[PDB]
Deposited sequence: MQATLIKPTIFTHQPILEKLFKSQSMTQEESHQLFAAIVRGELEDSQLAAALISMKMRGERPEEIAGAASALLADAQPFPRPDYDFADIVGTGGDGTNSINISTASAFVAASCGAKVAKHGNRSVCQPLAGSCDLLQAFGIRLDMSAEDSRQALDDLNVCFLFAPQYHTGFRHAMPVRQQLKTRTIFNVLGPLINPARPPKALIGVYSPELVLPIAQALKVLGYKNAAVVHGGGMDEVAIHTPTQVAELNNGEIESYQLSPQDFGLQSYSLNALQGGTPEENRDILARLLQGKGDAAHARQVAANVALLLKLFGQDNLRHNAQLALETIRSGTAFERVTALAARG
């Protein structure tokens, strides 16, 4: 029992990485009451979560998470906090398939909201695949999907309070920092510009090799309808800069061009897209995100990266990868 930590929080005092690790270890184990878990989440919220706190929390959740045979070769994650406000299509999910077809190995983590992960079901992709096969799919197809629920069983002890609270808390940012395959590289999108730098520093503490945290025009990704604020981690060194669609040799578009629809529609969108028959704005936003991710693998010419991602798309070869995966 950690009463001692809670009073520290109630005094607008931040926890140490270890104190936060304890608190969140007890949380995913259901050791806390609804009221306590809520007081913890709200006290941290009002004060403003610190990088060491976010790292300690994530560090805890991963410890509880189910095992995954982590490979040696380089692979990464392309995931975002979501809830950006601007109803858009599933950029990250599409980018994972295009990236896997553009050289990179992507092990994506994430769970159903409509929304995301639901259209993966629609493509006939068993969300509860075994850690054994996902590792296999990753080696053979350069991509796999790790559904949070089966890896973070304890995450359910926090859902009720989160829902009833209907407000943003540290759990919104801990979603992307807990891939059970512990990837060394990652493209992480955040719903707010103020989150870009904090997360970056969190990933550093978590010891990530190469990573990028993005936000632009309200999107928790790389934007085509406006500049994207970036915080890149490399060699334990962080750099801040901003990118525009012309930096990928792409033409700036409009957010509206990237607007979601419904289960059936969106399935068609991503299908007819990965098949190389979608809109131009859709192909652009994706290639832009894949282009920045490829920079985490050492490919520094964003324009060439974008051109390749775009041709890989138009190739249709990506969709043949949701099918190869849908058979296991």
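**Q** Comparing the deposited sequence with the modelled residues, which stretches have no C-alpha coordinates?
**A** Going by the record, the segments left unmodelled (no C-alpha atoms) fall at 1 to 11, 125 to 129, 345.
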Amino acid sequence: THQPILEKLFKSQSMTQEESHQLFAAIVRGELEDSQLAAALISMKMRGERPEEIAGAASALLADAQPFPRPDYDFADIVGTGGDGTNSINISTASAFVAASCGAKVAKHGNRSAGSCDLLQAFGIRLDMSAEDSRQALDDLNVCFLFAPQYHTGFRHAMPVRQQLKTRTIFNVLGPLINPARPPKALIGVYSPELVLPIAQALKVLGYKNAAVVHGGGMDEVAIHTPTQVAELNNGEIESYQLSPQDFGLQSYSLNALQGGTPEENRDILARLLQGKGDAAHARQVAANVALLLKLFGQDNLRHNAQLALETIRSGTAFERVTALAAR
From here on, numbers count along this sequence of modelled residues.
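**Q** Quick one: say whether 186 to 194 or 82 to 90 has the higher mean Cα B-factor in the deposited entry.
**A** Higher of the two, by average CA B-factor, is 82 to 90.
**Q** Mean Cα B factor from the PDB record: higher for 5 to 13, or higher for 304 to 312?
**A** Averaged over C-alpha atoms, the B-factors run higher in 5 to 13.
**Q** So if I compare the CA B-factors in the entry for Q201, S116, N142, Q164, which one is the largest?
**A** The C-alpha B-factor peaks, among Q201, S116, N142, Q164, at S116.
**Q** Maximum C-alpha temperature factor per the entry, among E265, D34, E49, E31, belongs to which one?
**A** Each of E265, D34, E49, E31 was compared by C-alpha B-factor; the highest is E265.
**Q** Would you please rank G175 by its C-alpha temperature factor against the other modelled residues of its chain and give the third it falls in: lowest, middle or highest?
**A** Middle third, going by the recorded CA B-factors of the chain.
**Q** Considering every modelled residue of the chain and its Cα B-factor in the PDB entry, is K209 in the lowest, middle or highest third?
**A** It falls in the middle third of the chain.
**Q** Going by the recorded CA B-factors, say which third of the chain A60 sits in, lowest, middle or highest.
**A** For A60, the deposited C-alpha B-factor lands in the middle third.
**Q** Going by what the PDB entry lists, where does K277 fall on CA B-factor within its chain: lowest, middle or highest third?
**A** CA B-factor rank for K277: highest third.
**Q** Compare the C-alpha B factor of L292 with those of the other modelled residues in its chain, then answer lowest, middle or highest third.
**A** It falls in the bottom third of the chain.
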